[PDB]
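Values reported hereafter were calculated over all heavy atoms of this structure, with side chains retained and with hydrogens, waters and symmetry mates removed. Just so you know, residue 1 is the first one in the sequence shown, and it goes up from there.
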Amino acid sequence: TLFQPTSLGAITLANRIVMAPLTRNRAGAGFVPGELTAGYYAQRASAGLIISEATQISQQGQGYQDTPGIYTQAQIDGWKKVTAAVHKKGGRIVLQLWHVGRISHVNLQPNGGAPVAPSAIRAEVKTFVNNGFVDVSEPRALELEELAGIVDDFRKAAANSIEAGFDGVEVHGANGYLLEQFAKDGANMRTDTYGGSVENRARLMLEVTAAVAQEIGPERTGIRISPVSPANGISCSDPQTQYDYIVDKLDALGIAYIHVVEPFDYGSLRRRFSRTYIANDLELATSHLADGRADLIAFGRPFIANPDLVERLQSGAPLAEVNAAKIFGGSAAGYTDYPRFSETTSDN
C-alpha cells in the first residue's frame with residue numbers, strides 16, 4: 001500500500017508517495033538556493049521521496065528566472081543545507097538535472113546569447129523572466145561538436161549532486177526541454193547522427209543518462225519522461241515507437257527508475273522497464289499500485305499547499321488548495337506558510 005516503506009535502487013523509502021519536481025523561482029544571487037528553501041523541503045520531508053525543483057546544470061540550460069543551479073561551489077554548498085534539513089527529518093531527496101534547451105530567453109543566457117536546441121525552431125510558449133511572462137527566444141541549432149560538452153555538463157552536474165548530499169538524481173527528459181526536443185520530431189529536424197530516426201533522436205537522452213549512471217551509479221540514477229505532449233507541447237508523429245525504444249535502452253543501462261508523466265500504451269513501457277516505475281489522487285493511485293501499474297506515485301501541486309500531505313492522505317483530512325498566484329516567485333507567502341491540518345480549521 002501507498003503508506004508502507006519500500007526501496008528504490010540502493011536507498012530505502014518510508015512510503016510510496018513522491019513529491020514531484022516543482023519550479024518555485026526563489027533561488028538567490030548566483031542561482032544558489034534561497035534562504036527559506038531548506039525549510040520548504042524539510043516541511044515536506046514526510047514524503048517517501050522528494051524530487052527537487054528542476055535545477056540547471058549550466059547557465060546555458062537556464063530557462064526561467066531564479067531557478068537554482070548545480071554547477072558552482074556556491075550552489076553545491078547551498079544545497080548541502082537542504083539535503084541536511086531533509087535528512088534530519090528522516091527523508092529522501094533526489095536532484096532533478098535540467099537543460100531547458102530552446103525554452104529560455106536571451107536575457108537569461110550567457111552574454112545575451114540565443115538559447116540552444118537541436119534545430120532552430122522557436123517554441124510557442126512563454127517563460128517567466130524580468131518578473132513577467134514573455135515569449136521564449138529564437139534558438140540556435142547546436143553544432144554536433146558541442147553535444148559531448150553538454151553530456152559532460154550533466155555528468156559533472158550529477159557528481160555535484162552527490163557532493164551536495166543528494167540521494168541520487170533525476171535526468172529531466174520531459175516537458176519540452178532539451179533532451180525531449182531531441183527525442184521528438186516536432187522539434188528535431190536534424191539530419192546528422194542526433195536526428196532523422198527513432199535511434200538518432202533518442203541518442204542525446206540515452207548518452208546523457210548513460211554518462212550520469214556511470215559517474216555515480218545506475219542505482220542513484222532516474223529519468224523523467226512525458227511520451228504524450230500536451231496540446232501546446234512538441235509534436236511527435238509516433239511516440240509509442242519512440243518511447244518503447246527509449247525505455248528498452250534505459251532498462252539496458254540498469255537505471256534505478258523511470259518517472260512517467262502519463263491513445264498511448266504505458267503498459268508497454270512498464271513491461272519494458274524491469275525496475276521502478278514512478279507514475280505522475282489517493283484512491284485511484286492506490287488501485288494503480290494494487291494493479292501493478294506503478295511502484296511509486298508522484299503528487300505535484302498538493303505538496304505545495306499541504307506539507308503534511310502524506311499524513312492527510314493517510315488520515316482522510318481534507319486537502320488545502322494551492323494559491324496559484326504565489327507558486328512562481330516571491331517570498332515565504334505561498335511557499336512555507338501553508339499550515340498543517342490542525343492549524344486550518346474552526347470548530348464553530
Side-chain angles (χ1 to χ4, degrees), residues 2-24 26-28 31-55 57 67-98 157-172 212-213 215-222 224 255-257 259 276 278 295-300 302-304 306-314 332 335-336 338 340:
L2 228 90
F3 307 107
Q4 37 198 40
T6 173
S7 48
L8 178 65
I11 68 192
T12 188
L13 305 186
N15 57 56
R16 286 180 186 256
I17 301 160
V18 180
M19 178 174 167
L22 297 153
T23 301
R24 308 312 302 272
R26 284 168 171 86
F31 319 113
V32 177
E35 76 181 69
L36 307 175
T37 296
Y40 163 71
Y41 285 112
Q43 289 191 335
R44 295 159 173 73
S46 71
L49 179 69
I50 295 171
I51 319 284
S52 73
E53 56 202 283
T55 288
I57 65 174
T67 67
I70 185 51
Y71 56 90
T72 70
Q73 196 63 34
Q75 295 153 2
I76 294 173
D77 297 351
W79 282 114
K80 279 170 170 162
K81 300 203 178 85
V82 179
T83 56
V86 167
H87 286 157
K88 182 160 77 89
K89 295 284 187 190
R92 304 283 131 162
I93 192 176
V94 155
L95 181 154
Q96 191 189 52
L97 301 167
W98 213 8
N160 293 346
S161 299
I162 302 312
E163 194 181 339
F166 280 93
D167 306 302
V169 301
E170 182 180 286
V171 173
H172 202 344
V212 168
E215 181 61 31
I216 72 174
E219 84 288 335
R220 291 138 122 212
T221 306
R224 191 175 222 210
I255 53 165
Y257 77 78
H259 184 166
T276 308
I278 307 181
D295 309 304
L296 308 174
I297 163 135
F299 295 80
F303 266 111
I304 297 182
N306 311 262
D308 57 329
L309 183 62
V310 178
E311 293 83 350
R312 293 199 205 205
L313 289 173
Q314 202 164 19
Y335 189 51
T336 48
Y338 278 106
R340 298 172 63 88

In this structure, are over 12 heavy atoms from other groups packed under 6.0 Å from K81 atom NZ? no
Are side-chain heavy atoms of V94 and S52 found at a separation under 4.5 Å? no
Within the structure provided, determine whether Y41 and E53 are in side-chain contact (heavy-atom separation under 4.5 Å). yes
Considering non-hydrogen atoms only, spot the tightest contact between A164 and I76 and give its length. CB-O, 3.8 Å
Shortest non-hydrogen contact between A298 and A20, atoms and distance: CB-CB, 4.1 Å
Would you say that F3 contacts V310 through its side chain, given a criterion of any heavy-atom pair below 4.5 Å between the two side chains? yes
Looking at side-chain heavy atoms only, is the closest gap between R220 and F166 below 4.5 Å? no
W98 and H172 aromatic ring geometry - parallel, tilted or perpendicular at 30°/60° bounds: parallel
Check against side-chain contact (heavy atoms from CB on, under 4.5 Å), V212 and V171: CA-CA 8 Å; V212 168; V171 173; 4.3 Å; yes
Tell me, do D295 and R16 make a side-chain contact under 4.5 Å, heavy atoms counted? yes
Is it the case that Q43 and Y338 place a side-chain donor and acceptor less than 3.5 Å from each other? no
With heavy-atom distances below 4.5 Å as the criterion, would you say the side chains of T67 and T55 are in contact? no
side-chain contact (heavy atoms from CB on, under 4.5 Å), that's the test. Do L296 and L13 meet it? Break it down for me. CA-CA 10 Å; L296 308 174; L13 305 186; 3.8 Å; yes
Could you walk me through whether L309 and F303 pass the side-chain contact (heavy atoms from CB on, under 4.5 Å) check? CA-CA 6 Å; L309 183 62; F303 266 111; 3.5 Å; yes
Within a 6.0 Å radius of atom CD on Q73, are there more than 12 heavy atoms belonging to other residues, nucleotides or ligands? yes
Side chain to side chain donor-acceptor pair (under 3.5 Å) between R26 and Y40: does it pass, once the steps are laid out? CA-CA 11 Å; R26 284 168 171 86; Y40 163 71; over 6 Å; no
Could you tell me whether the side chain of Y257 reaches within less than 4.5 Å of the side chain of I278, counting heavy atoms only? yes
Judged by modelled atom types alone, do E311 and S46 share a side-chain donor-acceptor pair under 3.5 Å? yes
Contact between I17 and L49 at the side-chain level, heavy atoms closer than 4.5 Å - yes or no? no
